[PDB]
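Student: take these chains first, placed just as they are in the complex:
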Amino acid sequence: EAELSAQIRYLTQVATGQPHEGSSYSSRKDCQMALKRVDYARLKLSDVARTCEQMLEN
């Protein structure tokens, strides 16, 4: 009874009835763009290494 009454009191102190307009979307978006930059560079490095192997292969 003590714990649940205390937590209903604490929830009464920090309730607002408003849907919390904060977010973390933009940072996730920028992190996704950074990772796709890295992936693009990886594919291009694979292609350059493959042409180098074709040149050295003969």
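Tutor: Structure received. Numbering: from 1, shown residues only, chains lettered A, B, ... in the order given.

Student: when you work out contacts or count neighbours from here on, use the C-alpha atoms and nothing else.
Tutor: Noted.

Student: now the helices for chain A?
Tutor: In chain A, the segments counted as helices under DSSP state H are A:2-13, A:25-56.

Student: just send these back as TSV, with distance to residue A:19 and mean neighbour count too.
Tutor: Below are the helices of chain A laid out as TSV (distance: least, CA to CA, whole Å; neighbours: other CA atoms under 10 Å):
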stretch	distance to residue A:19	mean neighbour count
helix A:2-13	15	10
helix A:25-56	16	11
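
Student: for the residue nearest the centre of chain A, give me its contacts.
Tutor: With distances taken as CA atoms, centre = their mean, residue A:28 lies nearest the centre of chain A, 3.8 Å away. Contacts for residue A:28 (CA atoms under 8 Å, 6 or more residues apart in numbering) come out as none.

Student: the following sequence is to be added as chain B:
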Amino acid sequence: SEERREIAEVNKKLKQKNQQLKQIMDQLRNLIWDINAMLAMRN
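Tutor: This next block brings in chain B, placed alongside the chains you saw above:
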């Protein structure tokens, strides 16, 4: 006269080598340009 054919052999050899080097160089140029463009737009 055979040394002329030797010259033609090595000429064809490094013709192919130079064209492959041009492809490697073009891909490096394009990767550098893409990296600089994509990193320039992030700000």
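
Student: quick one on the thing from earlier: how far away is the residue nearest to the centre of chain A from residue B:8?
Tutor: Look at residue A:28 and residue B:8: by CA to CA, to the nearest Å, they are 59 Å apart.

Student: repeat that for residue B:15.
Tutor: 10 Å.

Student: now swap in residue B:43 and tell me
Tutor: Separation of residue B:43 from residue B:8 (CA to CA): 54 Å.

Student: who has more neighbours, the two?
Tutor: Taking other CA atoms under 10 Å in any protein chain shown, residue B:43 and residue B:8 do not tie; residue B:8 has more neighbours (11 against 5).

Student: how about the host helix or strand of the more buried one: buried residues?
Tutor: Per DSSP states H and E, residue B:8 falls inside helix B:2-40. Going by neighbour count (16 or more other CA atoms under 10 Å in any protein chain shown), the buried part of helix B:2-40 is B:20-21, B:24, B:27-28, B:31.
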